[PDB]
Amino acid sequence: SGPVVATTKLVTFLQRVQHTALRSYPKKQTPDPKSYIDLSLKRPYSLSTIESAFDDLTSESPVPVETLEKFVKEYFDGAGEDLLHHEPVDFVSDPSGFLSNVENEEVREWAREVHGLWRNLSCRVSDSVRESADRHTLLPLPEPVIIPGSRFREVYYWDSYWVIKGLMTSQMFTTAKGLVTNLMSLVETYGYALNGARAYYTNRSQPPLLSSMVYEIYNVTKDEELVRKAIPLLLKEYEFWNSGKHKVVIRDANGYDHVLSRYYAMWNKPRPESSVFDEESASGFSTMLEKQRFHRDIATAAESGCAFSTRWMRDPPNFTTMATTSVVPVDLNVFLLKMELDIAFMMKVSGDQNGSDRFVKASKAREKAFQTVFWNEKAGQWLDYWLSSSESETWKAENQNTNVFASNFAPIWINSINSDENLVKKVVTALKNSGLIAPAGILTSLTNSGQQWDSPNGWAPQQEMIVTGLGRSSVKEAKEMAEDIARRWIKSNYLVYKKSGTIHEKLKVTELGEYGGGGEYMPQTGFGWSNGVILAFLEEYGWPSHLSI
């Protein structure tokens, strides 16, 4: 197995507690395993003290539930207690000109409620996290954050882009900048932005949206110091994705070599936040080497931002055939194309012609890759490319994944693509006939697997990329389809909220007004990128007073 980034003593000790808890509880009422890895040490006790008592308490071959809860109450501060509520300095309950293009007053007022939830998601690490970080798995960060919500008690990487799009609508550019400052601090420390700001995430990244967050903020604020600070960190992240295990080389039929990226977690064990579920998932493998490959493919699917999906399974829907490190993903390489486009822009506005030139050349190269490696004329969409081996290889047609995913349409987001009329029409036709267009939005896949990144679910980021892309074209049919999807998506979210008073992580887009589920954890509410896409969609499209419920 390739590189592994070690975790901390605290995390491996909290995994011990986690194992004891799940062994001691009944299956019917077991707590969210991740909440044990989110504990912190209760002052004044040291790790050495607490572990010593834990060794004594478990010095018998199960621990009674009552004794375990007493122990956890005694020596730890609960999950989330070191993540304090923070009032955003830029939050305003009813901003002047907020969603002024929304004529339907019922829509506008519900959107103000959604906007109001930014307060709920706004947090800051406690002083103890900064003073003595070794007592927390929550990492210290320089600025307040926006979290996804519920069990996600920490900032996440790619979520923050769609959060920022909503923050812009919400007139919260100080909070928006704070997110990017926090993610830039992680790149500076680790070399990449972590999956999330927890010690058990230092081994991997997530879809690389940081350059897009910096671009969207600067495009409004013209904060020149931000771009000056961002450029070397974006260059560092760019090298991270274009080197080592993340870099792959695919030669096409005309013999041109294409440099592309894959996901690759630097981890080959159970994820500490899911330790027992991951062990259970791997229980059928006979050899430790098989377990390690699988655990790395699992952690790599977490790096994809899309854990989990038939998309990453060699033999779907068999979860044990997860093979994420073998996939050259469409959406990942869209984001790297976007990085090249953003970095060329920033280097131009900062006055660096040579750097701008270098990244125009790069984006031009990856544009070629999309036309040759990913595109499929017959399917009218872009397909993930599955590696033949681990070493450069030659493109084979049978290695495109012909299965149908919302991510297959991610490249429509890119301007060189959505500016191409005759390409856009082919993609429109493919999307219309794909079966991904459902009553509430775009299905993330067509296979009902039991996993959350599969049918019947749809997901805010994937809606936004397709809607923005189609909506940027000049093709009337694309623009009308984009608006229709946006309004179905808004409506379903409005209907879910009337029943639950919450915004959900994912929707069951096969049915209007239903939230989605699946996967190893219960449906979560908040919800960062879901709120952001609702607000961004309403800003773009408004809601005419005549159209309604």
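One rule holds for the numbers: they count along the sequence shown, beginning at 1.
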Problem set entry | Residues of the deposited sequence left unbuilt between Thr30 and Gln29 | none
Problem set entry | Deposited-sequence gap flanked by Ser419 and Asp420 | none
Problem set entry | Higher-B stretch (mean Cα B-factor, as the entry records it), 336-344 or 111-119 | 111-119
For this session: Please work out which of 505-513 and 63-71 has the higher mean CA B-factor as recorded in the PDB entry.
Result: 63-71
For this session: Can you pull the Cα B-factors for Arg262, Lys425, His86, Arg311 from the entry and say which is highest?
Result: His86
Seminar exercise, completed: Note to self: of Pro148, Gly435, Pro95, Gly469, the C-alpha temperature factor tops out at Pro95
Exercise. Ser211: which third of its chain by C-alpha temperature factor?
Worked result: lowest
Seminar exercise, completed: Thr20: C-alpha B-factor third of its chain, per the entry, is the highest
Exercise. Going by what the PDB entry lists, where does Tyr385 fall on CA B-factor within its chain: lowest, middle or highest third?
Worked result: middle
Seminar exercise, completed: Here the Cα B-factor of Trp489, set against its chain, lands in the third termed lowest
Seminar exercise, completed: Quick tally, chain-level thirds of C-alpha B-factors: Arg198 sits in the lowest
